[PDB]
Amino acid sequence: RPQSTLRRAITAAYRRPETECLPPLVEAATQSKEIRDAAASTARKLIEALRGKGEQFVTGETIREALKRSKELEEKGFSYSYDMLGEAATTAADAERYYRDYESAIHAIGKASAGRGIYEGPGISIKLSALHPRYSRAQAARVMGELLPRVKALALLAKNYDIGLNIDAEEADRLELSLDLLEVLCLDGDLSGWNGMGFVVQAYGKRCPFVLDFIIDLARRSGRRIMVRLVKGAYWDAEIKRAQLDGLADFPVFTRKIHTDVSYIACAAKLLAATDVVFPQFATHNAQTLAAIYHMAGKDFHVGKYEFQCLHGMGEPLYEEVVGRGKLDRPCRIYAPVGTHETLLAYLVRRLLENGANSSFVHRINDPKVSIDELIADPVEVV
């Protein structure tokens, strides 16, 4: 079977015991004392800068409005990825509506990009659940045969304007389908010459390093430089609840928060060693995570090597201390939702759980009981 070894490794990791997943990640995430000392200084600076000085999550109601509101931050060195809000389509008519939303957005974003390309100019992010009715329930063969022509058509428009098109990561049980779709698109000759295809991998998932191995190898055999957004993950609370009801003895996600942090750093090390064939995009609002990757990546940098990413309404204060020659001189792409209350609910719940959780960096930075010492501590050394 093609890629038998890489695919078997993903499947074997799906619900592997958490204690067995961690040792290789801890080793891969271990950095030198010299690097850890330098990163602690950077993280302290970022946090000292930070601790001083629903509509909040949405950039605009239409793509035209969102694009207009993006000019100020683009002038400062930020880029954008626009998300037409909407997911989990329940009818064919809803899936067709979302498809048309994305199509119209690509034309508008492509015009605004004006030839800036996939790294300096804006792109789009899509959710597969918006494009197939009952995405979570229908057999993969039926989902594939109807979804693939739709995603290909959107990818062709993005190619035509030379903008990025990212497939967002959703629930753990749709990782396999989405990855199979990524493979088919990356091997499709009609998309040749365009490196804008992107894909998210969630470091809270046990399969993350093995999915990355598959994607890096896919980049090598397809000739596409795949954009890879490394995230921790947005669905943790729902995944725990679903696994409990499913009767599982071992879950598809980690259950200790610092294990996700270690997983993220280990996976960043793998991505940073493969920048010839992937474009790593480090999505995080955690200043300690950011500092660790900034130092892991070393002194040599150019635009197009890698970037950081943040969510609209959450990451701007931190990344104002990152973008720009006087700061860390590293770019950041803002994930920019577009829509109204009618399409905001699912995304907003995930933001509430992210912002309100006692374990989240964005909560802890405002917690008087959490010292700066603890905020800059390297989680890898805790394990």
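Rigid core (definition): largest C-alpha set, two forms, superposition within 1.5 Å. Note that residue numbering begins at 1 and tracks the sequence as displayed.
In 8 other deposited structures of this protein, superposed by the rigid core, the C-alpha atoms of 340-348 lie farther from the shown form than the other of 66-74 and 340-348. Between 136-144 and 300-308, greater CA displacement relative to the shown form is found for 136-144 when the structures in 8 other deposited structures of this protein are fitted on the core. The gap between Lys53 and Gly54 holds 10 or more unmodelled residues of the deposited sequence. Stretch comparison (41-49 versus 312-320) by mean CA B-factor in the PDB entry places 41-49 on top.
Stretches 223-231 and 136-144 differ in mean CA B factor, with 136-144 having the higher one. Going by the entry's values, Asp190 shows the largest Cα B-factor out of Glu170, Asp180, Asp261, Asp190.
In this PDB entry, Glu120 carries a Cα temperature factor that places it within the middle third of its chain's modelled residues. When the CA B factors of the chain's modelled residues are split into thirds, the value for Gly247 lands in the highest one. Remark: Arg64 belongs to the middle third of its chain, ranked by C-alpha B-factor as recorded. In the PDB entry, a CA B factor belonging to the middle third of its chain's modelled residues is recorded for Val151. The PDB entry assigns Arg174 a C-alpha temperature factor belonging to the middle third of its chain's modelled residues.
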